Amino acid sequence: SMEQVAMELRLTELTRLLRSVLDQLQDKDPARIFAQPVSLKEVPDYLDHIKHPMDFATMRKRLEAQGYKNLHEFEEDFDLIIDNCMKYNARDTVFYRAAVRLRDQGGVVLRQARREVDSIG
């Protein structure tokens with residue numbers, strides 16, 4: 001149908017906007033602490049601690065499959081990255097501190113993304 005196509009064009013455009021959001025958020029992680037999944041070879045007990053692991057490469061796979069239907073879903077995954085880190089790692093670690101900085105800096109980017117998604121529909 002013509003409606004299914006119109007809906008698919010909306011999803012594609014959302015995907016385009018979320019790709020730019022993802023790039024901006026990942027720039028706020030210059031140390032690449034959150035770039036890839038925590039290694040189960042190197043942290044073999046990780047899944048005993050963290051039930052829903054997340055990282056930027058995993059988000060990028062979902063994004064490119066047009067697997068985010070709305071900004072809320074994308075934010076859920078970003079928040080997992082931060083929240084998993086802040087639970088697994090102690091306050092006095094480079095990892096925890098990197099998550100706090102990513103949260104604080106990403107807030108700005110996500111504030112305007114929400115306005116852009118509401119604005120452009």
# chains A, B, ... in the order shown; residues from 1 in each chain; ligands from 1
$ select_by_dssp --residues "chain A" --states "alpha helix (DSSP H)" --output "ChimeraX atom specification"
/A:2-27,46-49,56-64,71-88,94-120
$ residues_around --residues "residue 84 in chain A" --least-positions-apart "6" --cutoff "10 Å" --atoms "only C-alpha atoms" --output "list in words"
residues 49, 50, 51, 52, 53, 54, 55, 96 and 99 of chain A
$ closest_atom_pairs --of "range 41-72 of chain A" --to "range 18-21 of chain A" --cutoff "10 Å" --atoms "only C-alpha atoms" --output "Markdown table"
| residue | atom | partner | partner_atom | distance |
| --- | --- | --- | --- | --- |
| A:59 | CA | A:19 | CA | 9.9 |
| A:60 | CA | A:19 | CA | 7.9 |
| A:63 | CA | A:19 | CA | 7.2 |
| A:64 | CA | A:19 | CA | 8.4 |
| A:66 | CA | A:18 | CA | 9.9 |
| A:68 | CA | A:18 | CA | 8.6 |
| A:70 | CA | A:18 | CA | 9.2 |
| A:71 | CA | A:18 | CA | 7.6 |
$ residues_around --residues "residue 117 in chain A" --least-positions-apart "6" --cutoff "12 Å" --atoms "only C-alpha atoms" --output "MDAnalysis selection string"
chainID A and resid 10:11 13:18 21 69:72 110:111
$ write_last_selection --atoms "N, CA, C and O atoms" --output "tab-separated table (two decimals), in the first residue's frame"
chain	number	residue	atom	x	y	z
A	10	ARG	N	8.98	7.33	6.94
A	10	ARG	CA	9.02	7.88	8.35
A	10	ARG	C	10.07	7.12	9.15
A	10	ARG	O	10.94	7.75	9.73
A	11	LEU	N	10.02	5.79	9.14
A	11	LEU	CA	11.00	4.96	9.86
A	11	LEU	C	12.42	5.18	9.36
A	11	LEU	O	13.36	5.31	10.17
A	13	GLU	N	13.50	7.91	7.96
A	13	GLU	CA	13.96	9.23	8.36
A	13	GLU	C	14.31	9.25	9.88
A	13	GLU	O	15.33	9.85	10.24
A	14	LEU	N	13.52	8.55	10.68
A	14	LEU	CA	13.82	8.40	12.14
A	14	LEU	C	15.19	7.75	12.31
A	14	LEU	O	16.03	8.21	13.13
A	15	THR	N	15.44	6.70	11.51
A	15	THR	CA	16.72	6.02	11.50
A	15	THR	C	17.85	6.93	11.16
A	15	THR	O	18.92	6.87	11.84
A	16	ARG	N	17.64	7.83	10.17
A	16	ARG	CA	18.64	8.83	9.82
A	16	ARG	C	18.92	9.76	11.01
A	16	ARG	O	20.08	10.06	11.31
A	17	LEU	N	17.87	10.22	11.67
A	17	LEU	CA	18.06	11.13	12.82
A	17	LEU	C	18.77	10.40	14.00
A	17	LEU	O	19.70	10.95	14.63
A	18	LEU	N	18.33	9.18	14.29
A	18	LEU	CA	18.96	8.37	15.37
A	18	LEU	C	20.41	8.02	15.05
A	18	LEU	O	21.26	7.95	15.96
A	21	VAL	N	22.21	11.17	16.15
A	21	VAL	CA	22.19	11.15	17.63
A	21	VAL	C	23.23	10.16	18.15
A	21	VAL	O	24.02	10.50	19.07
A	69	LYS	N	11.79	1.79	16.83
A	69	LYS	CA	10.48	2.37	16.35
A	69	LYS	C	10.25	3.80	16.75
A	69	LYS	O	9.49	4.50	16.11
A	70	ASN	N	10.90	4.25	17.83
A	70	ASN	CA	10.73	5.58	18.34
A	70	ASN	C	11.98	5.95	19.17
A	70	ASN	O	12.82	5.07	19.41
A	71	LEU	N	12.12	7.22	19.52
A	71	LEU	CA	13.24	7.67	20.34
A	71	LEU	C	13.26	7.03	21.72
A	71	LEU	O	14.36	6.79	22.27
A	72	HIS	N	12.10	6.77	22.31
A	72	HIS	CA	12.04	6.14	23.66
A	72	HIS	C	12.82	4.80	23.69
A	72	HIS	O	13.63	4.55	24.60
A	110	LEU	N	20.22	14.50	23.73
A	110	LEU	CA	18.90	13.85	23.82
A	110	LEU	C	17.72	14.81	24.05
A	110	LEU	O	16.61	14.55	23.57
A	111	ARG	N	17.97	15.91	24.76
A	111	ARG	CA	16.99	16.97	24.94
A	111	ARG	C	16.53	17.53	23.59
A	111	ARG	O	15.30	17.69	23.37
$ residues_around --residues "residue 82 in chain A" --least-positions-apart "4" --cutoff "9 Å" --atoms "only C-alpha atoms" --output "list in words"
residues 34, 54, 78, 86, 87, 96, 98, 99, 100, 102 and 103 of chain A
$ write_last_selection --atoms "C-alpha atoms" --output "compact mmCIF listing (two decimals), in the first residue's frame"
# COMPACT_ATOMS: atom_id res chain seq x y z
CA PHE A 34 31.30 1.77 25.77
CA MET A 54 24.34 -3.05 26.09
CA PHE A 78 21.49 4.28 25.91
CA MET A 86 27.30 2.34 37.27
CA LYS A 87 26.14 -0.90 38.93
CA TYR A 96 31.96 4.60 36.51
CA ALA A 98 33.19 7.70 32.20
CA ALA A 99 29.50 6.71 32.48
CA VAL A 100 28.66 9.74 34.57
CA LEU A 102 28.52 10.30 29.12
CA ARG A 103 25.17 10.62 30.92
$ atom_distance --atom1 "CA of residue 88 in chain A" --atom2 "CA of residue 29 in chain A"
18.0 Å
$ atom_distance --atom1 "CA of residue 8 in chain A" --atom2 "CA of residue 62 in chain A"
16.0 Å
$ atom_distance --atom1 "CA of residue 73 in chain A" --atom2 "CA of residue 114 in chain A"
12.1 Å
$ decode --residues "range 4-40 of chain A" --atoms "N, CA and C atoms" --output "short mmCIF file (atom, residue, chain, number, x, y, z; two decimals), in the first residue's frame"
data_model
loop_
_atom_site.label_atom_id
_atom_site.label_comp_id
_atom_site.auth_asym_id
_atom_site.auth_seq_id
_atom_site.Cartn_x
_atom_site.Cartn_y
_atom_site.Cartn_z
N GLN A 4 1.82 1.96 3.76
CA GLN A 4 2.96 1.17 4.28
C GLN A 4 4.23 1.82 3.81
N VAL A 5 4.28 2.27 2.56
CA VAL A 5 5.46 3.02 2.06
C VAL A 5 5.77 4.33 2.80
N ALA A 6 4.71 5.12 3.01
CA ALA A 6 4.80 6.40 3.78
C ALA A 6 5.35 6.13 5.20
N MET A 7 4.86 5.04 5.82
CA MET A 7 5.30 4.64 7.17
C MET A 7 6.79 4.22 7.14
N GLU A 8 7.13 3.42 6.13
CA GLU A 8 8.52 3.06 5.90
C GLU A 8 9.45 4.26 5.63
N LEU A 9 8.98 5.29 4.93
CA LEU A 9 9.78 6.50 4.75
C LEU A 9 10.02 7.26 6.10
N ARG A 10 8.98 7.33 6.94
CA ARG A 10 9.02 7.88 8.35
C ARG A 10 10.07 7.12 9.15
N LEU A 11 10.02 5.79 9.14
CA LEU A 11 11.00 4.96 9.86
C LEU A 11 12.42 5.18 9.36
N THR A 12 12.60 5.28 8.05
CA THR A 12 13.88 5.59 7.48
C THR A 12 14.39 6.92 7.91
N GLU A 13 13.50 7.91 7.96
CA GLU A 13 13.96 9.23 8.36
C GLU A 13 14.31 9.25 9.88
N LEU A 14 13.52 8.55 10.68
CA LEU A 14 13.82 8.40 12.14
C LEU A 14 15.19 7.75 12.31
N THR A 15 15.44 6.70 11.51
CA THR A 15 16.72 6.02 11.50
C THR A 15 17.85 6.93 11.16
N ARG A 16 17.64 7.83 10.17
CA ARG A 16 18.64 8.83 9.82
C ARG A 16 18.92 9.76 11.01
N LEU A 17 17.87 10.22 11.67
CA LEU A 17 18.06 11.13 12.82
C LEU A 17 18.77 10.40 14.00
N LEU A 18 18.33 9.18 14.29
CA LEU A 18 18.96 8.37 15.37
C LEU A 18 20.41 8.02 15.05
N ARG A 19 20.75 7.82 13.79
CA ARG A 19 22.14 7.62 13.44
C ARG A 19 23.00 8.83 13.81
N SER A 20 22.52 10.05 13.56
CA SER A 20 23.24 11.27 13.91
C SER A 20 23.32 11.43 15.46
N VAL A 21 22.21 11.17 16.15
CA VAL A 21 22.19 11.15 17.63
C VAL A 21 23.23 10.16 18.15
N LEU A 22 23.28 8.96 17.58
CA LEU A 22 24.20 7.94 18.08
C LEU A 22 25.63 8.40 17.90
N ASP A 23 25.92 9.05 16.76
CA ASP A 23 27.27 9.54 16.51
C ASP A 23 27.67 10.59 17.49
N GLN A 24 26.76 11.49 17.80
CA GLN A 24 27.01 12.54 18.77
C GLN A 24 27.24 11.97 20.19
N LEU A 25 26.47 10.96 20.55
CA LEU A 25 26.62 10.35 21.91
C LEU A 25 27.93 9.62 22.04
N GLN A 26 28.27 8.88 21.01
CA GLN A 26 29.50 8.15 21.01
C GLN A 26 30.74 9.06 20.99
N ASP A 27 30.64 10.29 20.47
CA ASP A 27 31.75 11.25 20.60
C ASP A 27 32.04 11.67 22.02
N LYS A 28 31.04 11.55 22.89
CA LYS A 28 31.18 11.84 24.28
C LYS A 28 31.81 10.70 25.07
N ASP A 29 32.32 9.70 24.34
CA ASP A 29 33.00 8.53 24.92
C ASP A 29 34.31 8.39 24.18
N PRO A 30 35.20 9.40 24.35
CA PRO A 30 36.41 9.33 23.51
C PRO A 30 37.35 8.19 23.89
N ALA A 31 37.25 7.72 25.13
CA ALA A 31 38.07 6.57 25.53
C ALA A 31 37.57 5.21 24.99
N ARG A 32 36.40 5.20 24.35
CA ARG A 32 35.82 3.98 23.79
C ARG A 32 35.50 2.88 24.81
N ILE A 33 35.17 3.31 26.02
CA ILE A 33 34.83 2.42 27.12
C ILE A 33 33.53 1.67 26.78
N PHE A 34 32.65 2.33 26.04
CA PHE A 34 31.30 1.77 25.77
C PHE A 34 31.07 1.33 24.31
N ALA A 35 32.14 1.33 23.53
CA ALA A 35 32.12 0.96 22.13
C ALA A 35 31.69 -0.45 21.81
N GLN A 36 32.06 -1.43 22.65
CA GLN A 36 31.82 -2.82 22.33
C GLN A 36 31.20 -3.56 23.57
N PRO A 37 30.57 -4.70 23.36
CA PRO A 37 30.13 -5.49 24.52
C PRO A 37 31.18 -5.85 25.47
N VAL A 38 30.86 -5.80 26.75
CA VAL A 38 31.78 -6.34 27.77
C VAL A 38 32.09 -7.79 27.39
N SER A 39 33.39 -8.12 27.36
CA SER A 39 33.87 -9.45 26.93
C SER A 39 33.59 -10.57 28.01
N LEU A 40 32.87 -11.62 27.64
CA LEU A 40 32.55 -12.67 28.55
C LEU A 40 33.75 -13.55 28.70
#
